[PDB]
RNA sequence: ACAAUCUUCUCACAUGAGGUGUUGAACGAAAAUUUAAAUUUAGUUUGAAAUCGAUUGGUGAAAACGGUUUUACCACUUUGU
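Protein chains in written order, with the UniProt record's numbering: chain A, 5 to 29, 52 to 266; chain B, 64 to 249; chain C, 105 to 238; chain D, 199 to 271, 293 to 296; chain E, 52 to 237.
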């Protein structure tokens with residue numbers, strides 16, 4: 005309703021899921059914007075809140091807690107998130123022990139998901155490297171700066187319950203929506219809430235800057251969910 | 064050099080603010096070391112800060128523009144605050160002005176009155192009073208004065224054996240330690 | 105002679121190598137290969153000296169020699185496999201052009217009425233092609 | 199003067215050689231130190247060893263030696 | 052010439068003019084300058100604690116026990132290089148050592164003449180380095196004969212896998228025929 | 001000296017806004033953009049692995065005499081306060 009003066013959701017979403025069933029023998055949201063919304067390659071994700079959790083809880087995460095590591099390690103056990111958060115690795119130990127590129131490649135695949143404190147989120151770009159920071163595995167800025175299980179379990183639930191959006195310099199924004207097993211109503215609701223967050227702190231010109239949103243699967247065609255009919259007038263406004 | 068290039072852009076882009084330890088009209092900044100094949104912006108700043116050679120001693124007035132320079136070569140220089148009686152002995156010990164372009168010591172007040180007569184400075188005490196309570200003649204007196212040289216003294220038998228050590232100087236705003244460094248300087 | 109020393113510590117420049125190889129003699133050509141779309145070195149550097157005997161002497165000095173965590177392998181290969189483009193662009197500073205910034209200057213670009221008309225000229229043709237794709 | 203007949207050490211043996219099991223005293227605190235600590239700890243209770251802080255502060259009242267006892271019981296023109 | 056010097060140059064040359072067996076021939080071909088400066092850089096973290104400052108930590112360990120505190124429950128298994136000839140022969144037979152270092156000047160040469168043969172059999176990468184005293188400086192000794200790393204911490208495992216690869220590629224990968232032929236007779 | 005300054009939060013407000021930073025090489029998908037070219041760009045792989053394959057737009061800083069050669073991340077805040 006707010007994207008292109010229309011709410012074309014839950015109908016194509018039911019058709020796309022049927023089209024996914026039709027083409028039986052993940053979904054990414056390709057978007058056409060006004061210009062290069064990304065001023066630079068931002069090596070950090072945007073925690074897009076979604077009601078439908080695309081993050082599989084079956085995966086295990088490792089939290090890179092700041093030193094001393096013995097404090098948050100007990101708090102990880104105190105939160106009872108051993109099955110969710112697998113191994114608490116210290117900020118010193120990650121920058122000291124696992125340092126080789128193949129070892130980092132092994133240390134990346136040794137776990138399944140990732141968690142990172144915002145207090146030390148900025149140092150991840152050098153200790154980890156593009157072995158992790160470029161192979162489609164970006165850190166999640168978890169907010170556990172307080173030091174309490176209430177601040178940890180809620181952030182742990184927020185990590186598994188909210189998607190991440192890696193922003194970089196580009197005129198084409200892609201949004202990983204979720205799995206095909208999700209309901210078409212649940213997928214469209216998650217896509218609509220993503221558009222609400224996109225217009226808030228992602229799109230510089232808001233929904234006016236969003237020209238063509240074309241949804242697709244991992245290998246399917248990008249069916250245009252909504253197209254800006256007034257984009258011709260906005261193109262002349264920007265390119266002048 | 065790649066570390067210094069990263070240190071320059073990180074401290075310049077989105078870091079246009081300085082700490083500037085206040086409560087001091089002047090500051091003591093000394094280049095404790097140097098960079099081999101340094102950047103062109105670094106060397107020109109070293110030419111701007113008059114610390115062309117390491118282990119040179121000169122006190123500079125504290126200012127917002129000076130703090131920008133104090134944050135420019137802080138990787139290669141150490142800042143601080145000058146003590147009252149330490150500067151009284153520093154000028155008395157290492158007062159060597161550029162007399163006719165030559166770094167000659169100010170052993171007499173007659174030559175001090177000859178050059179700084181236009182600045183109404185006839186004695187070192189009057190020069191120090193115009194330096195501690197930095198007046199309008201503080202900039203001109205420093206312009207006429209060649210910088211001092213605080214070469215670290217190797218006293219003990221270990222000081223002559225260590226590999227490229229200079230009695231353990233530090234980097235950053237030493238503050239009172241800068242006066243302590245001046246206390247061991249001469 | 106020419107040599108192709110591999111496994112160099114990352115960031116090592118021809119300016120670093122020509123400063124070191126000139127201590128061994130004359131350094132005619134040198135090429136630190138890089139990624140075409142990035143400009144960062146490919147860690148596969150080739151260098152050509154004046155004499156093959158001097159180049160063969162240097163290779164006996166740098167065969168699996170550890171340097172900053174990598175055993176630097178340097179072996180002067182024959183000129184039979186040497187091609188014309190081995191020293192293509194040697195002794196020239198590479199231009200790691202920020203095409204993304206140019207594209208950012210392209211994506212966000214002021215234009216005229218006809219220049220903006222050229223951008224939306226194929227907007228309907230692309231939409232009509234997608235209309236027939238269903 | 200023949201070559202070197204490495205008929206035996208040509209290959210590599212994969213096993214260890216001695217088969218007696220790993221003793222338990224390589225997986226615990228060194229019990230020789232634990233005996234050594236108790237000799238020092240006992241020595242503190244008898245007061246023959248000045249402790250670690252005492253290792254520091256009894257060096258600091260010294261090295262002040264400037265005549266602490268009495269030894270005596293052309294002009295300008 | 053004094054009474055002993057004319058022996059001191061002649062036993063230098065009779066090691067050259069005679070026929071060195073291939074077992075002893077490898078004890079003069081030696082690890083080079085370069086790769087013998089990184090091995091001792093890795094080892095200079097894993098020195099045994101100096102006997103004066105092991106006691107220093109023992110009086111600091113035994114003072115808290117005399118009050119009620121402890122650290123034995125939280126004491127992690129220590130690390131250092133492992134030395135001594137009889138302790139390193141058993142560290143190779145048990146396949147525990149990972150880098151054996153043999154001095155090139157042990158005076159009765161039979162003390163170490165079985166080690167390059169034992170290291171070839173047990174699969175422990177080895178190298179023959181100069182100056183038994185150079186090993187002696189590592190472990191606070193006058194003359195060491197051999198050393199061995201058996202376990203570095205997780206910090207230097209990635210460094211150790213690289214530095215061994217320099218040891219095989221320069222000593223073991225080369226020197227492969229001079230160990231298989233007689234030496235001397237120059 | 002193969003030592004070295006890559007970000008173990010900041011700022012506001014209590015909700016925000018920021019935090020510029022990642023070997024090489026090979027591999028390979030289907031879509032969106034942007035201006036034919038570029039950009040984003042699944043999944044890969046692997047020893048800090050390597051044997052020609054270099055792309056070539058723009059900004060100026062010093063020597064030199066308005067040309068000329070020198071930068072080996074100078075990138076659009078664009079090479080020496």
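Yeah, the Cβ is synthetic: ideal placement off N, Cα and C, and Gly gets one too.
Legend entry - Beta carbon of residue 235/A nearer than 8 Å to that of residue 60/A: Yes, Cβ-Cβ distance for residue 235/A and residue 60/A is below 8 Å.
Inset, instruction - Give a yes or no on whether 8 Å exceeds the smallest Cβ distance from residue 206/C to chain A. - result: No, residue 206/C lies away from the interface with chain A (no Cβ there is under 8 Å from its Cβ).
Inset, instruction - Assess, as a yes-or-no matter, whether the segment 227-234 of chain A is touched by the segment 210-218 of chain A under the definition of 3 or more beta carbon pairs within less than 8 Å. - result: No, the segment 210-218 of chain A is not in contact with the segment 227-234 of chain A.
Inset, instruction - Return the CA-CA distance between residue 241/A and residue 14/A, expressed in angstroms with no decimal places. - result: About 12 Å.
Inset, instruction - Have a look at residue 215/E and residue 115/C and give me their C-alpha separation to the nearest angstrom. - result: For residue 215/E and residue 115/C, the distance between alpha carbons rounds to 24 Å.
Legend entry - Nonlocal neighbours in the same chain, by C-beta distance under 7 Å from residue 195/B, ignoring five residues either side: Non-local beta-carbon contacts of residue 195/B in its own chain, meaning distances under 7 Å to residues more than five positions away in sequence, involve 147, 150 in chain order.
Inset, instruction - Note the first and the last residue of the continuous beta strand (DSSP E) segment covering residue 219/A. - result: No beta strand (DSSP E) contains residue 219/A, which is instead part of the alpha helix (DSSP H) from 210-227.
Inset, instruction - Flag this pair as yes or no: are the beta carbons of residue 112/C and residue 147/C separated by less than 8 Å? - result: In this structure, residue 147/C lies closer than 8 Å to residue 112/C by Cβ.
Legend entry - Span separating the alpha-carbon of residue 235/B from that of residue 168/A: Roughly 33 Å separates the two Cα atoms.
Legend entry - Exposure of residue 190/B, with buried meaning 16 or more beta-carbon neighbours within 10 Å: Residue environment analysis places residue 190/B among the buried positions, since at least 16 neighbouring C-beta atoms fall within 10 angstroms of its C-beta.
Inset, instruction - Please name the residue in 76/B, 158/B, 164/B whose C-alpha comes closest to that of residue 122/B. - result: Residue nearest to residue 122/B within the set 76/B, 158/B, 164/B is 158/B (criterion: CA-CA distance).
Inset, instruction - State the Cα-Cα distance for the pair residue 150/C and residue 85/E, rounded to the nearest angstrom. - result: Looking at the two C-alpha atoms, the distance is approximately 23 Å.
Inset, instruction - Evaluate residue 134/A with the Cβ neighbour count: other Cβ atoms within 10 Å of its Cβ, from every protein chain shown; 16 or more gives buried, anything less gives exposed. - result: Result: buried.
Legend entry - Nearest-angstrom Cβ-Cβ length linking residue 69/A and residue 127/A, presumed shorter than 8 Å: Not confirmed; about 17 Å, so no contact.
Inset, instruction - Note down the Cα distance separating residue 112/A from residue 142/A, rounded to an integer number of angstroms. - result: Separation of residue 112/A and residue 142/A (C-alpha to C-alpha, rounded to the nearest whole angstrom) is 13 Å.
Inset, instruction - Check whether the Cβ of residue 216/E lies closer than 8 Å to any Cβ atom in chain C. - result: Closer than 8 Å to some Cβ of chain C, the Cβ of residue 216/E qualifies, so yes.
Inset, instruction - Starting from residue 269/B, follow the beta strand (DSSP E) in both directions and report where the run begins and ends. - result: This structure cannot speak to residue 269/B, because chain B is shown only from 64 to 249.
Legend entry - Whole-number beta carbon distance between residue 219/E and residue 176/E, since they are thought to touch under 8 Å: 6 Å between Cβ atoms; contact.
Legend entry - Buried versus exposed call for residue 218/B [16 or more other C-beta atoms within 10 Å across all chains shown]: So residue 218/B ends up on the exposed side.
Inset, instruction - Would you mind giving the Cβ-Cβ distance between residue 84/B and residue 135/B, rounded to the nearest angstrom? I have them listed as a contact below 8 Å. - result: So it is not a contact: roughly 16 Å between Cβ atoms.
Inset, instruction - Consider the Cβ of residue 247/A: report whether some Cβ of chain C lies at a distance smaller than 8 Å. - result: At least one chain C Cβ lies under 8 Å of residue 247/A.
Inset, instruction - State yes or no: is the C-beta of residue 244/E within less than 8 Å of the C-beta of residue 232/D? - result: In the structure as shown, chain E starts at 52 and stops at 237, and residue 244/E therefore has no counterpart that could be examined.
Inset, instruction - Confirm, please, whether the CB-CB distance from residue 136/C to residue 164/C is below 8 Å. - result: Taking the C-beta atoms as reference points, residue 136/C is found no nearer than 8 Å to residue 164/C.
Inset, instruction - Please confirm whether residue 162/A and residue 145/A have their CB atoms less than 8 Å apart. - result: Going by C-beta atoms, residue 162/A is not nearer than 8 Å to residue 145/A.
Inset, instruction - For residue 252/D, count neighbouring C-beta atoms within 10 Å of its own C-beta (all shown protein chains included) and say buried if the count is 16 or more, exposed if not. - result: Under this definition residue 252/D is an exposed residue.
Inset, instruction - Check each candidate in 103/A, 107/A, 94/A, 132/A and name the one with the smallest Cα separation from residue 119/A. - result: Nearest to residue 119/A by alpha-carbon distance, out of 103/A, 107/A, 94/A, 132/A, is 94/A.
Legend entry - the segment 148-156 of chain E in contact with the segment 194-204 of chain E per 3-pair CB rule at 8 Å: In short, these stretches touch, since the Cβ pair count reaches three.
Legend entry - Residues from the segment 199-225 of chain E in contact with chain A, defined by Cβ distance under 8 Å: Cβ contacts with chain A come from 205, 206, 209.
Inset, instruction - Could you tell me whether the Cβ atoms of residue 82/E and residue 180/E are closer together than 8 Å? - result: With respect to residue 180/E, residue 82/E sits close: the two C-beta atoms are nearer than 8 Å.
Inset, instruction - Residues of the segment 125-142 of chain A with a CB closer than 7 Å to any CB of chain E: list them in chain order, please. - result: Under the 7 Å Cβ criterion, the segment 125-142 of chain A contributes 125, 126, 129.
Inset, instruction - Under 8 Å by Cβ, that's how I've got residue 195/A and residue 65/A pegged, so tell me the actual separation to the nearest angstrom. - result: Right, the Cβ-Cβ distance comes to about 7 Å (below 8 Å), so this counts as a contact.
Inset, instruction - Specify, as a first and last residue, the run of the alpha helix (DSSP H) that residue 119/B falls within. - result: No alpha helix (DSSP H) holds residue 119/B; the beta strand (DSSP E) holding it covers 119-124.
Legend entry - Residues that DSSP places opposite residue 154/E in a beta bridge: The partner list for residue 154/E (beta bridge, DSSP) reads 180/E.
Legend entry - Boundaries of the beta strand (DSSP E) in which residue 169/B is found, first to last residue: It is not in any beta strand (DSSP E) - residue 169/B carries neither H nor E in the DSSP assignment.
Legend entry - residue 161/E and residue 215/D closer than 8 Å at C-beta: With a cutoff of 8 Å on beta-carbon distance, residue 161/E and residue 215/D are scored as not near each other.
Inset, instruction - Tell me whether residue 166/C is buried or exposed, calling it buried when 16 or more other Cβ atoms sit within 10 Å of its Cβ. - result: Looking at its Cβ environment, which holds 16 or more other Cβ atoms inside 10 Å, residue 166/C is buried.
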